[PDB]
Protein chains: 2
Amino acid sequence: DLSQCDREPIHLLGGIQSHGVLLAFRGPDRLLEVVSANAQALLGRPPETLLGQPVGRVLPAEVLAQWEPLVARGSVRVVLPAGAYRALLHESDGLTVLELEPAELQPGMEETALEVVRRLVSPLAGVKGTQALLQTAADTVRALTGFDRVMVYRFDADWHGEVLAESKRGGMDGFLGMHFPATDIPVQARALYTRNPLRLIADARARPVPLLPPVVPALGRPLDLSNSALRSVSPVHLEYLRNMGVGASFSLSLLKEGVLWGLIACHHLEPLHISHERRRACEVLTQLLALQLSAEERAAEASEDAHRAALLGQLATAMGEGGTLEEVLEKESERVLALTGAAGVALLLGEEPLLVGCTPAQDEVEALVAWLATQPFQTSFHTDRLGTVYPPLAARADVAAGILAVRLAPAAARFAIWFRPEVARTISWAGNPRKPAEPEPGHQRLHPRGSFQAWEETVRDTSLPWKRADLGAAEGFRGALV
Amino acid sequence: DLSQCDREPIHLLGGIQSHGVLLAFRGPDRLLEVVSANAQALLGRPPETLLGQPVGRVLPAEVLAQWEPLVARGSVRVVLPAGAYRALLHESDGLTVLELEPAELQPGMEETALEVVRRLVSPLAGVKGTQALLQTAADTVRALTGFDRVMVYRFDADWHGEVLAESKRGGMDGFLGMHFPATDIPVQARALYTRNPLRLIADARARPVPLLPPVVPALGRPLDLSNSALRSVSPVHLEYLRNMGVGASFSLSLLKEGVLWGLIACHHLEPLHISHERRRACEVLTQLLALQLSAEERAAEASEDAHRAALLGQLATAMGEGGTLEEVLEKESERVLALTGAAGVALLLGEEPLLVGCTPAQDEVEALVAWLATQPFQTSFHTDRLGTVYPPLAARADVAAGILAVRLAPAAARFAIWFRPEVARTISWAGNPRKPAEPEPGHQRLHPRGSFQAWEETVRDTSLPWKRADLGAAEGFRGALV
Ligand SMILES: */C=C/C1=C(C)C(=O)N/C1=C\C1=NC(=C\c2[nH]c(/C=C3\NC(=O)C(C=C)=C3C)c(C)c2CCC(=O)O)/C(CCC(=O)O)=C1C
Ligand SMILES: */C=C\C1=C(C)C(=O)N/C1=C\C1=NC(=C\c2[nH]c(/C=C3/NC(=O)C(C=C)=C3C)c(C)c2CCC(=O)O)/C(CCC(=O)O)=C1C
């Protein structure tokens, strides 16, 4: 995309993380085709000497007696003299990958997850607010991971992050409310975090351990590690954590009706290894919250719309009552402007501008129309920064930063227009928004930014966002007048 | 009415189930005030030799040592000789209530409950419909308890009950789709379960265990067992049970937005007990269900209404493009019919009615038109049973079985009437509904009924009920008039 950022395929780096071991088999005699460089830490034999040998003459017997449970369910606890190891099974690039990983050792771990579901799942939950919602998910994952600091990290329509809630050990500082550049996580990450919702960086200060061969022969590329648990993340992002003063990361994607609604982030000053099962315990915690977020959002809009229908029905009974239309409007203005939460309205229903409330001048709205009487909007047209779509009213951010316009007739210049003032807004970016990184001599080898302090940009000349419940309300106002 | 199957003080029976012991101390020395009569089993002394004694002597070290956690978290496991029992501590009638009942003895239950959570959360459950969702639940809450049958049991607007999802053994006489009269779960019990969300009947044939003394000295009534888990239930439900040939039942209240939506049943034919832990595990299962529902419910009504105002505005572009109305309403005749999912629409805007579609004749709409304006409604108005209230039409259930009118102004008698024909429905109850219970001669005893075979009734004259979109489509269609 924009950079080489959005180019570096992160799943094809040929590097596992030093806390596990990777074995890759193929065919119907399950010969060994790729193996991680630290095999002998668990095996007792040089990796180089086991390539091209059957499963049965490589995997230790301890693992072999579990081979049937393994191929069945994908995951089984097996004991080697090394302790207890969670072995994972999954398919990749024409092979049956096996990854070995230190098992979980807290027995009542899973009971513990039952309780933090309970806090997160309850009814009368959020009665304090859909932010406590995010506050509790934050605390809950913390109480289950034992991490220093857990944040809930959402994407805006620019794909730029902000931390909506935080939960954090003392001595840890705070990035709550701070915003985060779009390229802090490029696209190839964003879509890979769309299928794979789990990810552990167990030691940002350790050395990614390579496979051997570094390439699948028939493929002349490394094995695809898109499904790997032991995948070593991108070195810049390792260099990024290191800037952050952090030595381990874990995050969980918040899928909500699909799109990444954001993440659940986890930082720990030292390294920490989190079992596969706790890792899964934590997944359901996200899934739940996304489900919690989903039921309250719908609810929130529901009431909003009803509260709007309150007005159209009283506006309506106001009408039909008596007088012409220039009559009820006079008395009705204090709901006419409420239908969309607006500050003034224009009305070109026939006679000269009937201007109500706080509004641009007659000639200015007699101009604004002519131009709006040329653009391709069908029934409704809303925009929250009019100054860049029509600079005639650029300077008038006082009353006409945001406009919402409805077409009260076919090819007719007859409309209504709701104006809305700007609302100043302070975004607290985490590092300089101008430079997300620092590009070396030769635009060649980027390097993440190591200053993560607050910046202070003031948003101006932009109204409040025209909500879902506004568009409905004005469309409703459309079918209401002559 | 208020049958004696409403008055039965269920929380005042005075006894417990045999699988557990109840102790109730009081004051600052916690002297034994009330104690179950099977207390020797777990103590070493006659129940009636322990009344009047401080808590320390009677209760054996095992549970004393763990007093502070039991108090704080409400319960604790406690390995006695008798067995791993799980003590439970609440307050009632001014007395601390200690309940012992035997505790879960299978290691990995919690892991197991976790995995079944991941069966109801899902990337998206109900993808096959709100049906899958329900069944899936009944599947889950059976795969974890082990009961021979589980059913989901929703209460209708009159607190009658119908079964809508059911998991059961092979060769198992199931009750899906069937309806159950509302006295099968009297009022008082629903208040209580509205308080107490879970309950066990481990042995339906077994017989309650006396409490000692019978009435709490200072009350002259027996201890309030409303927050009891060993609470024996009314004997008339136990008969009911054995009538159904069942041996152990278990039920979990389905609370959502504060309206007892229904109950997940459970029924084993040999007597079986589930531990509090395991039961608790099913509380999340029932808690998560309602959450998954509420979100689907809001969703669908959102999908719906948007469609409704889609045509409403399609009904408004109709407006400005034709100086016609009595024609416009006939060119797009059914767009108005299908705001309300209707058959035919009646308008008396002024002169002669504008009957359009399937609808009675002018000479009859006029009849329910005038008497109508003599009603106590104010904007919308509607029934599915036009007869019951308007007998001049109780025979035209073919075109006007339910109506939904809407005033078009304050005074003056102009409205729109949307009509629906009847739809016939054949629901099978479980046994006769006319004789839900059976009394001895003298009318102060009432057993349950002799059988629950499919007694089938066929509903005529009633249409489908007008839903939210219906009344909200119709309300916004009024507005677009005046
Ligand atoms: C009017 C009298 C009653 C009739 C008739 C009747 O059927 N019940 C009447 C009174 C009470 N019912 C109480 C509870 C209750 N009843 C049922 C129904 C069933 N249990 C089953 O096992 C089946 C089998 C398919 C059915 C239909 C239930 C589930 C309950 C709830 C109790 C539980 O969890 O088992 C009741 C109070 C009992 C209490 O004290 O909780 C009364 C007084
Ligand atoms: C073009 C290169 C990049 C620049 C410049 C940059 O700033 N980031 C770049 C690339 C990637 N980021 C990736 C993943 C990723 N980023 C974040 C964002 C964070 N913001 C913060 O404040 C912190 C705090 C320490 C972080 C971590 C996050 C959360 C992730 C996901 C990883 C995780 O485990 O949380 C990636 C993808 C790497 C991969 O191999 O998957 C790239 C390339």
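No hydrogens, no waters, no symmetry mates; every other heavy atom, side chains included, goes into these values. A, B, ... follow the sequence lines: proteins, then strands. Residue 1 opens every chain.
For the set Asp305(B), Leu114(B), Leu315(B), the count of heavy-atom pairs under 4.5 angstrom toward chain A peaks at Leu114(B). Ranked by heavy-atom pairs shorter than 4.5 Å toward chain A, the options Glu296(B), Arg407(B), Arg280(B), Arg118(B) are led by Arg280(B). Between chain A and the residues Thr379(B), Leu255(B), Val284(B), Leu312(B), the most heavy-atom pairs under 4.5 angstrom are made by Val284(B).
When heavy atoms are compared at a cutoff of 4.5 Å, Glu115(A) approaches chain B solely by way of its side chain, counted from C-beta outward. Only the backbone of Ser122(B) comes within less than 4.5 Å of a heavy atom in chain A; its side chain stays farther off. In this structure, chain A has heavy atoms under 4.5 Å from both the backbone and the side chain of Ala299(B). Proximity to chain A is absent for every atom of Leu124(B), based on heavy atoms less than 4.5 angstrom apart. Residue contact with chain A, scored on non-hydrogen atoms closer than 4.5 Å, is absent for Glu104(B).
Residues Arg86(A) and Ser75(A) bring a donor and an acceptor atom of their side chains to less than 3.5 Å of each other. Defined by atom type and a distance below 3.5 Å, a donor-acceptor pair is present between the side-chain atoms of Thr324(A) and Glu327(A). In the model, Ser275(B) has a side-chain atom that pairs as donor or acceptor with a side-chain atom of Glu277(B) under 3.5 Å.
A salt bridge between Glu301(B) and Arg298(A) is absent, with no side-chain N of the basic residue lying under 4.0 Å from a carboxylate O of the acidic one.
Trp418(B) places a side-chain N or O within 3.5 Å of a backbone atom of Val336(B) that can act as its donor or acceptor partner.
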Could you pull out all donor-acceptor pairs under 3.5 Å where a side-chain atom in residues 470-482 of chain B meets a protein atom, sequence neighbours excluded?
unit_1, atom_1, unit_2, atom_2, d
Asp470(B), OD1, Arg308(B), NH1, 2.7
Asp470(B), OD2, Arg420(B), NH2, 3.1
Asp470(B), OD2, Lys467(B), N, 2.6
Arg478(B), NH2, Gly313(A), O, 3.3
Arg478(B), NH2, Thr317(A), OG1, 2.8

